[PDB]
Structure formats: structure tokens, C-alpha cells
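One letter stands for each residue in the lines below.
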Amino acid sequence: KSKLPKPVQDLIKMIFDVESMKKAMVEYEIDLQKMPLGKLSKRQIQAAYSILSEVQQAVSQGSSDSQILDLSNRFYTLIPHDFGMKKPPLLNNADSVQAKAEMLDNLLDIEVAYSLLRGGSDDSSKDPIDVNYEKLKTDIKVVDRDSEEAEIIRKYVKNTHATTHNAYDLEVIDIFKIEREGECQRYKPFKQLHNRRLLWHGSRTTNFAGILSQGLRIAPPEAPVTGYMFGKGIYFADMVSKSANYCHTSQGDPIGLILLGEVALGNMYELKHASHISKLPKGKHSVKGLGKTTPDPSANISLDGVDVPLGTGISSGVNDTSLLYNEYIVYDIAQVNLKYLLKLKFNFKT
Ligand SMILES: CCc1cc2ncc(CN3CCN(c4ccc(C(=O)NC)nc4)CC3)cc2[nH]c1=O
């Protein structure tokens, strides 16, 4: 029987749950009889991204519905969807391509989780919770509720829930301090960069075995750059609720997981609207999508030399922006050092 703290054991059980992975695939309208969890592979996902790229080239060039049909059908051949004996919906627009690119990004983390469960050894004398914990190659410690770091984190949660995200409220259940093996070494060139910020990154519970094992990653070269607002990078928010929406929790599944990462932003490339960029302009280290609302800059505090933007939301003074709240994007995976993982209870008001 595991000697791991009970919150850590509950975390491992949550993230390695196979029925949750199947549920996530059904939510995507994936046909599990044709493409079960076990048959998902990086080469099939990468091929589907390439087809999505072809569909997008065809839509941006103003092709007809009759022209696009063959391209759209190719995507469904690679990733079989649950439509029985009916014609699947046509992928003939930017929105349809973006939704599919987002689904494939998730499949990449689901594939990692399942490959970890299937690729090791079987020993009945060991607690499977300890076996699965070791597969993450991440030290996970419970942060003491009465500590200085816990007070800072709870204040960040309490102060940055947007009024426009008021259909639910958040309750912090557990705060974990995380250290992925090799991440500190990888982060070393960026450890003293200016503008290092502690930012949020939400994801579905089914992504976390992938995130803890492999870290936050960028969609592969096959992925269409136009399927993401600021291109292919790692996206973060300074408002807890903006990132909590990416957990995709519901009344039927109200427990989510959210990360706090130290992000080396350096010289920010400030943008108000979509820019499907491949690379950053010379001298820039990140993109800052300018929101209408920002946490109050005078309330910014420091936690182990990193800026924590935990002030309540105020007007940024930015006009004519596509964004209600800020977002930060890095285009090199080495610019992120994951620090904390929070288990949240979503209390739905609807
Ligand atoms: C503005 C705040 C914000 C934005 C946000 N945007 C997207 C996502 C979804 N997430 C993107 C990365 N994704 C990949 C998985 C594997 C690979 C891989 O294996 N690549 C090689 N790549 C990509 C998994 C799905 C979550 C988000 N959370 C937030 O808080």
C-alpha cells in the first residue's frame, strides 16, 4: 500500500482513469468501435493534422463545398467519427478546422497517458498508484495550507475570477508543488530573463498524465498554424477563470486541474488581433495578446523572484481589441517551468 499523501494518490487515480479518457473521446464524437484508445497513434494524429492543413488551404482559397468534400472526407477516414450510416458534417470553414485542430491537440496528450499505462511492467506486489506516480517522472508534494506560498496562490485564485465567467465559482481543494525531471536544467538559459511571470494554464483532467510526463508542448509541424489565434505556441492567462474554462468541467464532472507555470516572457510582442505566426519577430521572446481587462499592476507581488499578477481586474486602457482578457504565448517549450498544480472544485450557479 502506497505511503504517498492521500491528495497525491487521488490526483494519480484521476489522471490515469481510462474511463475518463474514453469519455473525452466520445465528447469529440470519435467512433470508439473504429478508433479505440488503444489504436490512437502519433502518426495517425499527425496525418489528420496534415489533412486539416489541406482543408484550410482549400477554404482560404475560396473552394466550393463540392470541391472541399473530398478533403473533409479524408479527415474522417483518418479519425473515424460516430455518425452511423449518415454523411458526416462538412469541414468547409475556419471554425470547423480550428475545432478539429483543438481535438487533435488533446488526442496527443491522451495518447501519451495511455502509452504510459501500457508500456511498463506489471507487478501485483506494488500499489498501482505508486507504479503510476513513478511514470510521471515528477516530484509532487502537497503545499501546506497555512504556508506563505499557499496564501499567495489562494489570493491569485480569489482575485482573478472574471465577472464574465460568473456561471461558476472556484474552490481550491489541493495545492501541489511540482518538479518535472530535467525541466529546471532545460529552463536555465531563461531563469534570469526579465519579465518572468507566474501564469495559469488549464487543461482537461485527461491531459495531465501527458503534461506531467512530457511538459507543456506545442502542436506539431503538421498542425495548421491558422487553427490557433496566435499560432502554434504554449498559451497562458493571468485570470484564473480564463484558464479554468479550458478544464471543461460540468455539473456531471465538477473537479478540474489547473497549472501555475513560471513563464520567461522577456520582450513581449503585443497584439490585439489574430496573428497566425510561425516564428517571433527578431528580439521578441513571447506574444502578449492585449486584453480589455488586466489584473491591477500595482498589486503585483513576488514569489521566489517571479512576478505574480494577482490584482483584481481593471481596465487595461487598450482599445479595439479582440480580447476581453490577456493571454501570453511562448514559442519555445524551454521558456516554461511548471511550479504548481491545483485541484479545483467548480461550483456551478446555473
Ligand atoms: C489562454 C489560456 C489557456 C489556453 C489554452 N489553449 C489550449 C489548451 C489545450 N491544449 C493545448 C496544447 N495541447 C497539446 C498537447 C500535446 C501536444 C504535442 O504532443 N505536441 C508535439 N501539443 C499540444 C493539449 C491541449 C489549453 C489552454 N489552457 C489555458 O489556460
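Residues numbered from 1 in each chain as written, not as in the entry; some residues may be left out. Heavy atoms only, no water. Residues with missing side-chain atoms left out of burial classes, pairs and counts.

**Regarding the pattern of salt bridges**
Should their charged atoms come close, side chains of opposite charge can pair. By the definition in use, this model includes 14 salt bridges. With a closest N to O distance of 3.8 Å, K343 and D174 form a salt bridge. Of the two residues, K343 sits in strand β14 (residues 336-348) while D174 sits in strand β2 (residues 168-180), which places them 169 residues apart along the sequence. Here the two residues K343 and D174 agree in accessibility, since each one is buried. Taken together, the salt bridges that share partners define one network made up of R180, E183 and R186. (Salt bridge = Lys/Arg side-chain N within 4 Å of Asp/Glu carboxyl O. Helix = DSSP H or I, 4+ residues; strand = E, 2+ residues; numbered from the N terminus. Buried < 20%, exposed > 50% of the residue type's maximum accessible area, 1.4 Å probe, protein only.)

**Considerations on the site of the ligand**
In the vicinity of the ligand, 16 residues are found, and the nearest of them are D105, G202, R217, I218 and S243. At a separation of 3.2 Å, an oxygen atom of the ligand approaches a polar side-chain atom of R217. A distance of 2.9 Å is found between a nitrogen atom of the ligand and a backbone nitrogen or oxygen belonging to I218. Considering the ligand on its own, with 650 Å² of exposed area, one finds that the protein chains cover 85% of that surface. Judged by the fraction of its atoms near the pocket grid, the ligand is located in the largest pocket. Elements supplying a minimum of two residues to the shell around the ligand: α5 (94-118), β3 (196-203) and β4 (234-236). Considering each element in turn, the shell around the ligand owes the most residues, 4 residues, to α5. (Near = heavy atom within 4 Å. Polar contact = N/O pair within 3.5 Å; in protein donor to acceptor, adjacent residues only side chain to side chain. Areas by Shrake-Rupley, 256 points an atom, 1.4 Å probe, with all protein chains shown as cover. 1 Å grid on protein atoms, 1.4 Å probe; cavity = no way out; pocket = protein on both sides within 12 Å on 5 of 7 lines; lining within 4 Å. Sits in = over half its atoms within 2 Å of the grid points.)

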